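Chemist: Provided hereafter are the protein sequence and its experimental coordinates.
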Amino acid sequence: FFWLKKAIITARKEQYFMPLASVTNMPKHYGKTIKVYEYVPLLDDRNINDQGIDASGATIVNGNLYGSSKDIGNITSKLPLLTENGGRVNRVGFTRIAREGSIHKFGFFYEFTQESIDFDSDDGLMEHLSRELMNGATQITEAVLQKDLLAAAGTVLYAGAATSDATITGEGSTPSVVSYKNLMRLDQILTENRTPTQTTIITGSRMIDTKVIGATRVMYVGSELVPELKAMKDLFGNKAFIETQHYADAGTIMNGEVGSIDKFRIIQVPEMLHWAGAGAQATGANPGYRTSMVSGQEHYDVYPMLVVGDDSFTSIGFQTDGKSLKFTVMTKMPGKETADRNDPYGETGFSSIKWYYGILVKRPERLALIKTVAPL
Amino acid sequence: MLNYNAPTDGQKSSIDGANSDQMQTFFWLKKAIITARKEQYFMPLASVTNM
Amino acid sequence: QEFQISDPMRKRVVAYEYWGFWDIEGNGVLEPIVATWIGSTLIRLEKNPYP
């Protein structure tokens, strides 16, 4: 038999969350912590101070005129009014808040032998090993960032009628699947929190059979939820999902986009992470939703669906040359350099990689998330 | 009044809420205090004989 | 090693020089300089004299 002298290799896995993150420069000789101030407006409820005098000259508990309350009676009760011979009547107070983040360390290494280096039939083995090492490092770092983002969400909307992760179940009267009304509510919440948009509406083209789409935000889903999204129907019973070929004209298709529903442009991320066993126990009445085995009991699987806003978070950069993350690689080939003091044979070697990673969440209200089950 | 109070010795400023304190509360010179070498007297009275 | 001439003016001490380029004015243009220091004291600092 005759070896082909060529190898079969699988490329990297493309990364979606890492490119979004912005980088904040942190000089050394300071520590492992970064902090910022945040000045709250005058009228928000967060303005808890002790500098209040009402219109009658008497001290009052709250220093903000009226909170984030739209009630007309409350506003009329707490309006600032001034008489003609006015003096020392209305006082206001201010407040600032601080936030922080920290840097953590990572790393891994591998070993090999000189006889394996030489006598091996394949030539260029160590190049392959370096390639897989680097790919593994990149994939791990992306997974860590995605995990931290999912853990640090600020706006959470459970689907169906659930309240916590243990309650999200796909069996019974009301299964916990994503619905059109849930997406409408998520849009409403983001609009109320003043989150800026990302894209713009797509008007029509002149070519036959081309629908008009007005989504304005970007949403990341897993691979498992795509059939569920495709099967969704809107309020009037028609189809909801609009595929990309309809509006590819008169618009720009983003990377890894599957379609548009309501006001979100769905994006499929291959390396999306899901919880395992978070849901309630699954009996034999399963309609066909994915489950998992935890402690011998079949529990449902709770799935993500995430809408990262703008300026929500930044990535601390420690000696990264203004990048999100930079790796450090070392190699020592066998020889006298690796001739151990108790073993001058020197038949082995190694290669190691390490980095520093940390994240600062400036505003956690902009991050949004939906938890659902995913069909099998 | 927006009094300053004293952030050190446990008395927060008026402007700060319940989470934040003053960032900078002291000035640092960045020049240190160092001690000189002790003099040597018996060393000069010695001539080397290279072996 | 222990050699020392009687007159203080004729004692020999080790010094360092630095021949290189630096941004004197901070506007982005590198210019030649020369610097000289003994121990921890900087004695001479000027541009490159040679044409």
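Modeler: Nice, I can see it. Residues are numbered from 1 along each chain as shown, chains lettered A, B, ... in the order given.
Chemist: Show residues contacting the host helix or strand of residue A:245.
Modeler: Here residue A:245 is covered by helix A:244-247, with elements defined by DSSP states H and E. Here helix A:244-247 makes contact (Cβ atoms under 8 Å, 6 or more residues apart in numbering or on different chains) with A:202, A:209-213, A:253, A:257-260. Placement of C-beta: from N, CA and C, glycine included.
Chemist: Of the residues you listed, which are in range of chain B?
Modeler: Among those, no residue lies close to chain B (Cβ under 8 Å from any Cβ of the partner chain).
Chemist: from these, which is closest to residue A:289?
Modeler: Ranking those by separation from residue A:289, with Cβ to Cβ as the measure, puts residue A:258 on top at 20.6 Å.
Chemist: What is the burial count for that closest one?
Modeler: Around residue A:258 there are 17 other residues, counting by other Cβ atoms under 10 Å in any protein chain shown.
Chemist: Who does whichever helix or strand it is part of pair with, and is each partner parallel or antiparallel?
Modeler: Residue A:258 is part of strand A:257-261, with elements assigned from DSSP H and E. With DSSP bridges as the criterion, the sheet partners recorded for strand A:257-261 are strand A:242-243 (antiparallel), strand A:264-268 (antiparallel).
Chemist: so how far is it from its chain's centroid?
Modeler: For strand A:257-261, the distance from its own C-alpha centre to the chain's C-alpha centre is 19 Å (Cα atoms, centre = their mean, to the nearest Å).
Chemist: Dump the C-alpha coordinates for it into PDB.
Modeler: Output in PDB follows, covering the C-alpha atoms of strand A:257-261 (Å, rounded to 0.1, in the frame of the first residue of the first chain):
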ATOM      1  CA  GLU A 257     -28.400  34.900   8.400                       C
ATOM      2  CA  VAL A 258     -31.300  32.600   7.900                       C
ATOM      3  CA  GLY A 259     -34.300  35.000   7.800                       C
ATOM      4  CA  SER A 260     -36.300  37.700   9.400                       C
ATOM      5  CA  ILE A 261     -39.300  37.500  11.800                       C
END
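Chemist: what comes into contact with it?
Modeler: Residues outside strand A:257-261 that contact it (Cβ under 8 Å, 6+ apart) are A:183, A:213, A:215, A:226, A:229-230, A:232, A:240-244, A:247, A:265-268.
Chemist: at 10 Å what do you get?
Modeler: Strand A:257-261 is contacted from outside by A:178, A:180, A:183, A:199, A:202, A:211, A:213-215, A:218-219, A:221, A:223, A:226, A:229-230, A:232, A:234, A:239-248, A:251, A:265-268, using Cβ atoms under 10 Å, 6 or more residues apart in numbering or on different chains.
Chemist: Spell out which parts of chain B neighbour chain A.
Modeler: Contact residues, chain B versus chain A (Cβ under 10 Å from any Cβ of the partner chain): B:1-3, B:13-21, B:23.
Chemist: repeat that with 7 Å
Modeler: When proximity is defined as Cβ under 7 Å from any Cβ of the partner chain, chain B approaches chain A at B:15-17, B:19-20.
Chemist: so the spatially most central residue of chain C, which of the three states?
Modeler: Within chain C, the residue whose C-alpha comes closest to the C-alpha centroid is residue C:36; the distance, by Cα atoms, centre = their mean, is 1.1 Å. Going by DSSP: H, G, I helix; E, B strand; the rest coil, the secondary structure assigned to residue C:36 is strand.
Chemist: how much space between it and chain B?
Modeler: Distance, residue C:36 to chain B, using Cβ to the nearest Cβ, to the nearest Å: 22 Å.
Chemist: The residue nearest to that residue when sequence neighbours are not counted: which element?
Modeler: Closest residue to residue C:36 in three dimensions, ignoring its sequence neighbours and counting by Cβ to Cβ, 6 or more residues apart in numbering or on different chains: residue C:44, at 4.2 Å. Using DSSP H and E, residue C:44 sits in strand C:41-47.
Chemist: Check which helices and strands that strand sits against.
Modeler: In this structure, strand C:41-47 packs against strand C:31-38, with contacts taken as 3 or more Cβ pairs under 7 Å, 6 or more residues apart in numbering or on different chains; DSSP states H and E.
Chemist: so what's the nearest residue in space to residue A:160 that is not next to it in sequence up against?
Modeler: The spatial neighbour of residue A:160 that comes closest, neighbours along the chain excluded (Cβ to Cβ, 6+ apart), is residue A:176 at 3.3 Å. Under the criterion of Cβ atoms under 7 Å, 6 or more residues apart in numbering or on different chains, the contact partners of residue A:176 comprise A:158-160, A:162, A:168-170, A:372-373.
Chemist: And those residues, which two are furthest apart?
Modeler: Most distant of the contacts of residue A:176, by Cβ to Cβ, are A:158 and A:170, 12.8 Å apart.
Chemist: Could you check which of these two has the larger neighbour count?
Modeler: When residue A:158 is set against residue A:170 and neighbours are counted by other Cβ under 10 Å, the residue ahead is residue A:170, at 27 against 18.
Chemist: Which strand or helix spans the more buried one?
Modeler: Counting by DSSP H and E, there is no helix or strand that carries residue A:170.
Chemist: Do I have it right that it meets residue A:373?
Modeler: Yes - here residue A:170 reaches residue A:373: they are 4.4 Å apart, a contact under Cβ atoms under 7 Å.
Chemist: Measure how buried residue 40 is and give me the count.
Modeler: Unless you meant another one, I'm taking chain A. Under the criterion other Cβ under 10 Å, the count of neighbours that residue A:40 has is 17.
Chemist: Not quite, go with chain B.
Modeler: The burial metric for residue B:40, expressed as a neighbour count using other Cβ under 10 Å, is 7.
Chemist: And for residue B:32?
Modeler: When neighbours are defined as other Cβ under 10 Å, residue B:32 has 5 of them.
Chemist: Just the buried ones from the contacts of helix A:244-247?
Modeler: Those of the contacts of helix A:244-247 that meet the buried threshold are A:202, A:210, A:213, A:257-260, by 16 or more other Cβ atoms under 10 Å in any protein chain shown.
Chemist: Mind picking the two most distant members of those?
Modeler: With distances taken as Cβ to Cβ, the most widely separated pair in the buried ones among the contacts of helix A:244-247 is A:210 and A:258, at 18.0 Å.
Chemist: For the host helix or strand of residue A:127, which helices and strands make contact with it?
Modeler: For residue A:127, the enclosing helix or strand under DSSP H and E is helix A:125-151. With contacts defined as 3+ Cβ pairs under 7 Å, 6+ apart, the secondary structure elements packing on helix A:125-151 are helix A:17-20, strand A:348-361.
Chemist: strands paired with the last one, and their directions?
Modeler: The sheet places strand A:348-361 alongside strand A:96-113 (antiparallel), strand A:313-317 (antiparallel), strand A:328-332 (antiparallel), with pairing taken from DSSP bridges.
Chemist: And these: which comes nearest residue A:83?
Modeler: When the strands paired with strand A:348-361 are compared for distance to residue A:83 using Cβ to Cβ, the nearest one is strand A:96-113, at 33.0 Å.
Chemist: any idea of the angle the closest one forms with helix A:125-151?
Modeler: Per axes from the mean of the first three to the mean of the last three Cα atoms, to 10 degrees, the angle that strand A:96-113 makes with helix A:125-151 is 160 degrees.
Chemist: Please export the C-alpha coordinates of stretch A:331-346 as CSV.
Modeler: What follows is the C-alpha trace of stretch A:331-346 in CSV, where atoms were taken according to Å, rounded to 0.1, in the frame of the first residue of the first chain:
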residue,chain,number,x,y,z
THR,A,331,8.2,25.6,22.2
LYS,A,332,11.3,23.8,23.3
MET,A,333,12.6,21.2,20.9
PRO,A,334,14.3,18.1,22.4
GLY,A,335,18.1,18.1,22.8
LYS,A,336,20.6,19.3,25.4
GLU,A,337,18.2,22.1,26.4
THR,A,338,15.6,19.5,27.5
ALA,A,339,18.3,17.1,28.8
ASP,A,340,16.9,16.8,32.3
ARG,A,341,19.2,17.1,35.3
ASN,A,342,18.0,13.6,36.4
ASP,A,343,17.7,12.5,32.7
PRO,A,344,20.3,13.7,30.2
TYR,A,345,18.6,11.7,27.5
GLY,A,346,16.6,14.7,26.4
